[PDB]
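# The data below comprise the sequence and an experimental structure of the protein.
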Amino acid sequence: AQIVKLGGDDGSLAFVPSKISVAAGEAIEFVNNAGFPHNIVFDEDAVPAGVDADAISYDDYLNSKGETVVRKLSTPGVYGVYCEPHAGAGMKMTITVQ
Ligand SMILES: [Cu+2]
């Protein structure tokens with residue numbers, strides 16, 4: 001499992017960490033931490049071929065501290081993720097699945 005906090009403890013609008021490498025099938029736990037609402041959108045222009053980016057996104061807002069969304073990815077490659085409300089602040093991350 002890799003834990004990714006949504007919002008830095010210090011108040012930055014960031015995925016912390018924002019660059020991770022995981023094994024195929026390894027759990028990624030997105031934990032709502034600070035500066036929410038946040039959501040988790042996989043970028044359809046930055047996912048491997050054959051991956052439906054909408055299937056794995058969580059489009060609804062995460063409103064409470066501690067709400068945790070878990071995804072496991074199967075296809076190797078690079079996955080770009082962003083938060084819609086905070087995309088302009090730099091709240092984006094990259095996941096490499098091996
Ligand atoms: Cu956000």
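Yep, it's here. Residues are numbered from 1 along each chain as shown.
# Please count neighbours and contacts with C-alpha atoms only from this point.
OK.
# On the three-state scheme, residue 54 is what?
Classification of residue 54 by DSSP: H, G, I helix; E, B strand; the rest coil places it in helix.
# check contacts around it.
41-42, 44 (Cα atoms under 8 Å, 6 or more residues apart in numbering).
# Likewise for residue 67?
By Cα under 8 Å, 6+ apart, the neighbours of residue 67 are 31-32.
# same check, this time on residue 7
Going by Cα under 8 Å, 6+ apart, the list of residues near residue 7 reads 13-16, 32-36.
# switch the cut-off to 7 Å
13-16, 33-35 (Cα atoms under 7 Å, 6 or more residues apart in numbering).
# How about residue 40?
Residue 40 is in contact with 57-59, 81-83, counting by Cα under 7 Å, 6+ apart.
# Going by distance to the ion, which of the residues you listed wins?
residue 83 (4.6 Å; Cα to the ion).
# Could you measure from the closest one over to residue 77?
20 Å (Cα to Cα, to the nearest Å).
# neighbour count winner among the two?
Remark: of residue 83 and residue 77, residue 83 carries more neighbours, 25 against 16, as counted by other Cα atoms under 10 Å.
# Residues of the protein that sit close to the ion?
Contacts of the chain with the ion, taken as Cα under 5 Å from the ion, map to 38, 83, 86.
# Pop out the phi and psi values for the second one.
Pointing back at residue 83 there. For residue 83, the backbone dihedrals (degrees, to the nearest 10) come out as phi -110, psi 120.
# doesn't residue 89 make contact with it?
No: assessed by Cα atoms under 7 Å, residue 83 is found out of contact with residue 89, at 9.6 Å.
# Include secondary structure when you put the contacts of residue 40 into JSON lines, please.
Below are these laid out as JSON lines (three-state DSSP):
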{"residue": "57", "secondary structure": "coil"}
{"residue": "58", "secondary structure": "strand"}
{"residue": "59", "secondary structure": "strand"}
{"residue": "81", "secondary structure": "strand"}
{"residue": "82", "secondary structure": "strand"}
{"residue": "83", "secondary structure": "coil"}
